[PDB]
Amino acid sequence: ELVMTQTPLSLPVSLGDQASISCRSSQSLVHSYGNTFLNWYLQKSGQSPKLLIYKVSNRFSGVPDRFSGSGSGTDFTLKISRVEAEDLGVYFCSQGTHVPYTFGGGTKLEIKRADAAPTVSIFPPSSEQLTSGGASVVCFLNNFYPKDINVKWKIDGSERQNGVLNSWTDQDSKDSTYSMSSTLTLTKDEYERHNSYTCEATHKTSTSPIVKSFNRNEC
Amino acid sequence: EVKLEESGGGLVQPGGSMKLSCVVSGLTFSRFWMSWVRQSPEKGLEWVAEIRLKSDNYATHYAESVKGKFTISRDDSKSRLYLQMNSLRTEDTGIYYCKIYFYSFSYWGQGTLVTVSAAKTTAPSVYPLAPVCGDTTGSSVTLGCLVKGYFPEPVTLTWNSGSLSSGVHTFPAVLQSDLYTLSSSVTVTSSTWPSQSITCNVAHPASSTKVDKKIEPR
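Protein chains in written order, with this note's numbering: chain A, 1 to 219; chain G, 1001 to 1218.
This is the structure in structure tokens:
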């Protein structure tokens, strides 16, 4: 069927700047005179896709003029002019000329902003979890930029790699930062025969790593 | 406004069957063509099936991957679209959206999540995350909630019934060994807690589990 090739995969852009997103189809999308059914969508984090541009260049009801679309031959372009923080998410082209309808692979728009170091917090296992024979240690690393970050667990000074599970948020539509959670899970047995637990983060903002720690005896 | 709402999603064993429904309002249902579209990490958005108008003798079209396996149908009287899914495979796992469209518009529903897996339903354990013992270090304090070892998605998590939304980060769940784990952090001014109650509210419809976990100082 009709392959839609969308580029780039990600698009970092400063506020006020213009972003340009391309889709190329493998054949003409002209359905009939005055009808080329190429659509553009935005899917924000945690939401369904919303229609921005229909029939190549037509702005959907409610969409600002900051958003425009064009296309000649099999080449189509979405432009987002005065980029706002709320514009972040994944942009998709789709064609409705030929069945099966098909979509591009998406473009993730990333808002550029000033570097910001993570706010780091560490959490011992709850007494509730301990009663069950497990022990999870959690570390939040919140509101940082850029999204690249490296987190290390250390137990009594020794690096621990096994038993770690990490998750990142999508970029924040208000402050343009990222957040990350790291959970180290061990048995209650192991937990209770070590003392010092450390969450250590290196980020481009700092030469020295940000360290958060507790000792099992003190708390 | 125009509103589309899917239901029928959930966990199903491979080879099993499942019926999705979509109810539309805010526009005249019977006038427009309708489709199911699914979404996953491995496939992105993939169109599943289309059903046309009474005029067109309710003509349907299907993606090759689902032909004879899925059936799309409509009930113009109730403003309801259906998808009958049979012979489900793990790769049919995804969020399923209904969509209504015309020359000049396209509107999607919220989506319903379909998990095709042999793994069993498991209730989460919900754990409070209180800061290490001290004496208010900083103008701010962060608390958390750990929701561990559940299946399938989704869960709902709020802080103080949703009245606390600023300063919240709910992290996407991570799947390992057929179990999901999710966490959420909340940050408030240091004068706010523990003087005022902060409670994590968590629900997992699939296991009929609802938990309120107040965050108590250590």
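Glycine is no exception: its CB is placed at the ideal position from the N, C-alpha and C atoms.
Determine, for A/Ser-167, whether the minimum Cβ-Cβ distance to residues of chain G falls below 7 Å.
A/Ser-167 counts as touching chain G.
Beta carbon of A/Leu-109, beta carbon of A/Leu-88: below 7 Å?
A/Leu-88 sits close to A/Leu-109, with the two beta carbons spaced by under 7 Å.
Can you pull the chain A residues whose beta carbon is under 7 Å from the beta carbon of residue 1277 of chain G, in chain order?
Residue 1277 of chain G lies beyond the residue range present for chain G, which begins at 1001 and ends at 1218; the question has no answer from this structure.
Can you list the residues of chain A that G/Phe-1171 reaches, using a CB-CB cut of under 8 Å?
Correct list: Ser-167, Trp-168, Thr-169, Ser-179, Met-180, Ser-181.
Applying a beta-carbon distance threshold of less than 9 Å, which residues of chain G neighbour A/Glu-128?
Those within 9 Å of A/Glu-128 in chain G are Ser-1125, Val-1126, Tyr-1127, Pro-1128, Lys-1213.
Secondary structure of G/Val-1066, DSSP reduced to three states
In the displayed model, G/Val-1066 falls within a helix according to three-state DSSP.
G/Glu-1005 lies in the beta strand (DSSP E); which residues open and close that run?
Secondary structure note for G/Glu-1005: its beta strand (DSSP E) is the uninterrupted segment 1003-1007.
Name, going along the chain, the residues of the region 42-55 of chain A whose beta-carbon falls closer than 8 Å to a beta-carbon of chain G.
So the close ones are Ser-48, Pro-49, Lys-50, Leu-51, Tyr-54, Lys-55.
For A/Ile-155 and A/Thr-198, I'd like the C-alpha separation in whole angstroms.
Rounded to the nearest angstrom, the two C-alpha atoms are 6 Å apart.
Assuming G/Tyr-1096 and G/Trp-1108 form a contact by the criterion Cβ under 8 Å, report the distance between their Cβ atoms to the nearest whole angstrom.
With a beta-carbon spacing of about 11 Å, G/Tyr-1096 and G/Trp-1108 fall beyond the 8 Å limit used to define contacts.
Under 8 Å Cβ-Cβ, which residues of chain G neighbour A/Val-99?
Contacts between A/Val-99 and chain G, judged by CB atoms closer than 8 Å, involve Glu-1050, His-1061 in chain order.
Alpha carbon to alpha carbon, how far is A/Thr-36 from G/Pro-1152?
Looking at the two C-alpha atoms, the distance is approximately 41 Å.
Could you please give the first and the last residue of the uninterrupted beta strand (DSSP E) stretch that includes A/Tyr-41?
It spans 38-43 - the beta strand (DSSP E) in which A/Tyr-41 sits, taken as one unbroken run.
Between the alpha carbons of A/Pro-125 and A/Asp-172, how many angstroms are there, rounded?
Each residue's alpha carbon lies about 28 Å from the other.
7 Å is my cut-off, CB to CB: does A/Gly-133 come that close to chain G?
No - not a single Cβ of chain G is within 7 Å of the one on A/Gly-133.
Select from the region 1082-1115 of chain G all residues with a C-beta closer than 8 Å to any C-beta belonging to chain A, and list them in chain order.
Correct list: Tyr-1097, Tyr-1101, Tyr-1103, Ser-1104, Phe-1105, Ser-1106, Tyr-1107, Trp-1108, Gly-1109, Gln-1110, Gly-1111.
Report all residues from its chain with a CB closer than 8 Å to the CB of G/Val-1174; omit the five preceding and five following residues, and keep chain order.
Answer for G/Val-1174: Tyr-1180, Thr-1181, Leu-1182, listed in chain order.
Measure the alpha-carbon distance for A/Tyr-91 versus G/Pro-1128 and round it to whole angstroms.
Cα to Cα, A/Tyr-91 sits roughly 37 Å from G/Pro-1128.
Residues bridged to G/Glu-1042 (per DSSP)
Answer is none; G/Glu-1042 lacks a bridge partner.
Determine, using beta carbons only, whether G/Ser-1183 comes closer than 7 Å to chain A.
With 7 Å as the cut-off, G/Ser-1183 counts as an interface residue toward chain A.
CA nearest to the CA of A/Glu-192, picked from A/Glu-200, A/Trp-153, A/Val-137
Of the residues A/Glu-200, A/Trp-153, A/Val-137, the one whose Cα lies closest to the Cα of A/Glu-192 is A/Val-137.
Option nearest G/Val-1155 by Cα separation, candidates G/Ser-1163, G/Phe-1171, G/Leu-1164, G/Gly-1144
Selected option, being the one with the closest Cα: G/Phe-1171.
Cutoff 7 Å: G/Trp-1047 Cβ touching any chain A Cβ
Cβ-Cβ to chain A under 7 Å: yes for G/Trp-1047.
A/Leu-186, enclosing beta strand (DSSP E) - first and last residue:
Looking at the DSSP string, the run of the beta strand (DSSP E) that includes A/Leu-186 is 178-187.
Kindly provide the ranges of any beta strand (DSSP E) runs that are 3 or more residues long and lie completely inside the region 72-152 of chain A, ordered along the chain.
With a minimum length of 3 residues, the continuous beta strand (DSSP E) runs that stay inside the region 72-152 of chain A are 75-80, 89-95, 107-112, 119-123, 134-144.
Backbone CA spacing between A/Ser-132 and G/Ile-1215 [nearest angstrom]:
If you take the alpha carbons of A/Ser-132 and G/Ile-1215, they lie about 19 Å apart.
Within its chain, find whatever has a CB closer than 6 Å to the CB of A/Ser-167; leave out the 5 residues flanking it on each side and keep chain order.
Contacts found: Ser-181.
Inter-residue spacing [alpha-carbon to alpha-carbon] between A/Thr-187 and A/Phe-214:
In a straight line, the C-alpha of A/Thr-187 is about 18 Å away from that of A/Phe-214.
A/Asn-215 lies in the beta strand (DSSP E); which residues open and close that run?
Run containing A/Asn-215: 210-215, per the beta strand (DSSP E) assignment.
If G/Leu-1113 sits next to G/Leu-1020, beta carbons under 8 Å apart, how far is it from one beta carbon to the other, in whole angstroms?
Separation of the CB atoms of G/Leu-1113 and G/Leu-1020 is rounded to 11 Å, and the pair is thereby denied contact status at 8 Å.
Under 9 Å by beta carbon: chain A residues contacting G/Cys-1133:
Those are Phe-214, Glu-218, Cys-219, listed as they occur along chain A.
Report the rounded CA-to-CA distance for A/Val-151 versus A/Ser-94, giving the unit in angstroms.
Those two C-alpha atoms are separated by around 39 Å.
G/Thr-1122 versus G/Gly-1015 - alpha carbon distance
When the Cα atoms are used, G/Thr-1122 and G/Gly-1015 turn out to be separated by approximately 21 Å.
Give the straight-line distance between the Cα atoms of A/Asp-115 and G/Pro-1205, rounded to the nearest whole angstrom.
If you draw a straight line from the Cα of A/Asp-115 to the Cα of G/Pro-1205, it is about 40 Å long.
7 Å Cβ cutoff, G/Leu-1146 in contact with chain A
Output row for G/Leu-1146: interface = yes.
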